[PDB]
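A.B. asks: Pasting a structure below so you can have a look.
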Amino acid sequence: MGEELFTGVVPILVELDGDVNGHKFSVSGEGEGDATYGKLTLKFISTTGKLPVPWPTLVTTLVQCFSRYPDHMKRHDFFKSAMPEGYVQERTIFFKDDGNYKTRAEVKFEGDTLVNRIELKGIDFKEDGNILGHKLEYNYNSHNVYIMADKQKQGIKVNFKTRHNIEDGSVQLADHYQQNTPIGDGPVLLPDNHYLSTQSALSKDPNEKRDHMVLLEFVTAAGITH
């Protein structure tokens with residue numbers, strides 16, 4: 001029942017190891033979250049092999065505990081309730097007519113810092129597809145993220161679509177299937193069905209020569225009146 005841990009500005013650290021079709025890479029990220037305002041500011045850096053996939057395809061993988069839950073919805077905030085011990089967040093992300101990512105992450109406090117440690121495995125991608133061919137625009141669409149309880153696992157099931165603009169004007173759909181389960185064995189908040197209204201803006205740091213992504217994201221829970 002850790003929502004009190006989020007009332008201020010919280011430092012965030014992200015660490016990802018990835019392998020997509022045998023192309024290995026790592027990403028570090030830093031920034032801060034202000035859940036009262038649903039606000040995230042993050043900067044990610046590619047640190048090992050040449051990044052084999054477009055940055056926008058990594059946004060969802062690279063801390064939904066920073067969502068703003070309206071007061072009347074606070075009994076539905078699983079993410080903060082699992083803190084500080086944290087939660088495991090797992091996904092399969094199906095890129096339409098292309099490969100899939102499978103991700104496993106642990107999101108938890110290490111002292112004052114909220115840490116997201118991730119392993120990503122991608123298989124079945126096309127060599128010349130939109131992902132491995134780097135054909136996606138550096139931008140990001142707004143949409144809803146749908147949440148339901150998974151009582152049997154004392155957690156939540158989450159599903160949503162992202163629609164990544166392709167450089168030719170078309171769109172590359174990514175269907176996300178997600179599960180979150182507590183790391184600890186104490187009680188958590190199991191929600192009624194609702195969603196997170198999630199908007200994201202991507203940019204570059206003009207002074208950064210490493211391959212990187214700056215992300216500004218605002219997220220608000222919605223769908224339940226009362």
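Chain identifiers are assigned as A, B, and so on, following the order in which chains appear in the structure tokens; residues are numbered from 1 within each chain, and ligands are numbered from 1 in order of appearance.
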Could you go through stretch 85-204 of chain A and tell me which residues DSSP, when run on the backbone, assigns to strand (DSSP E or B), listing them as JSON, numbers by chain?
C.D. replies: {"A": [87, 88, 89, 90, 91, 92, 93, 94, 95, 100, 101, 102, 103, 104, 105, 106, 107, 108, 109, 110, 113, 114, 115, 116, 117, 118, 119, 120, 121, 122, 123, 136, 143, 144, 145, 146, 147, 148, 149, 150, 155, 156, 157, 158, 159, 160, 161, 162, 163, 164, 165, 166, 171, 172, 173, 174, 175, 176, 177, 178, 179, 180, 181, 182, 194, 195, 196, 197, 198, 199, 200, 201, 202, 203]}
A.B. asks: Given the selection you just returned, output its residues as a file containing C-alpha atoms, formatted as a short mmCIF file (atom, residue, chain, number, x, y, z; two decimals), in the first residue's frame.
C.D. replies:
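Below is the file again28.cif, written as the result:
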data_model
loop_
_atom_site.label_atom_id
_atom_site.label_comp_id
_atom_site.auth_asym_id
_atom_site.auth_seq_id
_atom_site.Cartn_x
_atom_site.Cartn_y
_atom_site.Cartn_z
CA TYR A 87 5.79 -5.71 -9.16
CA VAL A 88 6.77 -7.88 -12.09
CA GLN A 89 5.51 -6.45 -15.39
CA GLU A 90 5.43 -8.90 -18.31
CA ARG A 91 4.35 -8.28 -21.87
CA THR A 92 4.02 -9.82 -25.26
CA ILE A 93 3.91 -7.12 -27.95
CA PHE A 94 2.80 -8.34 -31.38
CA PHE A 95 3.93 -6.08 -34.21
CA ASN A 100 7.05 -9.92 -31.26
CA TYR A 101 8.72 -8.60 -28.14
CA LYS A 102 8.47 -10.52 -24.88
CA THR A 103 9.49 -8.47 -21.89
CA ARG A 104 9.93 -9.14 -18.19
CA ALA A 105 10.58 -6.27 -15.82
CA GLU A 106 10.78 -5.66 -12.10
CA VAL A 107 9.64 -2.25 -10.91
CA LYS A 108 10.55 -1.50 -7.31
CA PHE A 109 12.17 1.04 -5.00
CA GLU A 110 15.88 0.97 -4.23
CA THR A 113 14.89 5.71 -6.54
CA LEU A 114 12.14 3.93 -8.45
CA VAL A 115 13.88 1.31 -10.60
CA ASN A 116 12.61 -0.44 -13.73
CA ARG A 117 14.89 -3.37 -14.68
CA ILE A 118 13.95 -5.09 -17.91
CA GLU A 119 14.86 -8.02 -20.15
CA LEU A 120 13.51 -7.85 -23.71
CA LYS A 121 13.55 -10.66 -26.27
CA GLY A 122 12.34 -10.11 -29.82
CA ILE A 123 11.92 -12.87 -32.38
CA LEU A 136 9.24 4.31 -38.15
CA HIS A 143 -4.45 6.46 -26.60
CA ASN A 144 -5.93 4.48 -23.73
CA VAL A 145 -4.45 1.57 -21.77
CA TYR A 146 -7.10 -0.89 -20.50
CA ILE A 147 -6.79 -2.52 -17.09
CA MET A 148 -8.69 -5.34 -15.38
CA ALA A 149 -8.10 -7.42 -12.26
CA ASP A 150 -6.46 -10.83 -12.33
CA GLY A 155 -2.53 -8.78 -10.00
CA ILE A 156 -3.78 -7.12 -13.16
CA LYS A 157 -4.17 -7.85 -16.87
CA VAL A 158 -3.61 -4.95 -19.23
CA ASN A 159 -4.18 -4.62 -22.97
CA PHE A 160 -3.82 -1.86 -25.50
CA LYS A 161 -2.75 -0.93 -28.99
CA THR A 162 -0.09 1.47 -30.10
CA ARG A 163 -0.01 2.70 -33.69
CA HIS A 164 3.50 3.71 -34.76
CA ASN A 165 3.60 6.01 -37.78
CA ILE A 166 5.65 4.62 -40.68
CA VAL A 171 0.99 2.80 -39.45
CA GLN A 172 2.63 -0.14 -37.73
CA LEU A 173 0.26 -1.59 -35.13
CA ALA A 174 1.59 -3.08 -31.91
CA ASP A 175 -0.87 -5.12 -29.86
CA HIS A 176 0.20 -5.27 -26.21
CA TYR A 177 -0.75 -8.02 -23.77
CA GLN A 178 0.47 -7.29 -20.26
CA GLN A 179 0.35 -8.82 -16.80
CA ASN A 180 1.51 -7.38 -13.50
CA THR A 181 1.99 -9.37 -10.31
CA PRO A 182 3.32 -8.25 -6.92
CA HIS A 194 -10.66 1.19 -16.11
CA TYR A 195 -8.06 2.76 -18.36
CA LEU A 196 -5.04 5.05 -18.37
CA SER A 197 -5.20 7.96 -20.83
CA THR A 198 -1.53 8.09 -21.89
CA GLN A 199 0.12 10.84 -24.02
CA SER A 200 3.76 10.88 -24.98
CA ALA A 201 6.13 13.31 -26.72
CA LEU A 202 9.55 12.28 -28.03
CA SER A 203 12.49 14.62 -28.50
#
A.B. asks: Looking at only C-alpha atoms, which of A:53, A:137, A:192, A:183 is the one that sits closest to residue A:169?
C.D. replies: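 Using only C-alpha atoms, the shortest distance to residue A:169 belongs to A:137.
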A.B. asks: Which residue out of A:142, A:152, A:39, A:96 has the minimum interatomic distance to residue A:129 when only C-alpha atoms are used?
C.D. replies: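 Looking only at the distances to residue A:129, the closest residue turns out to be A:96.
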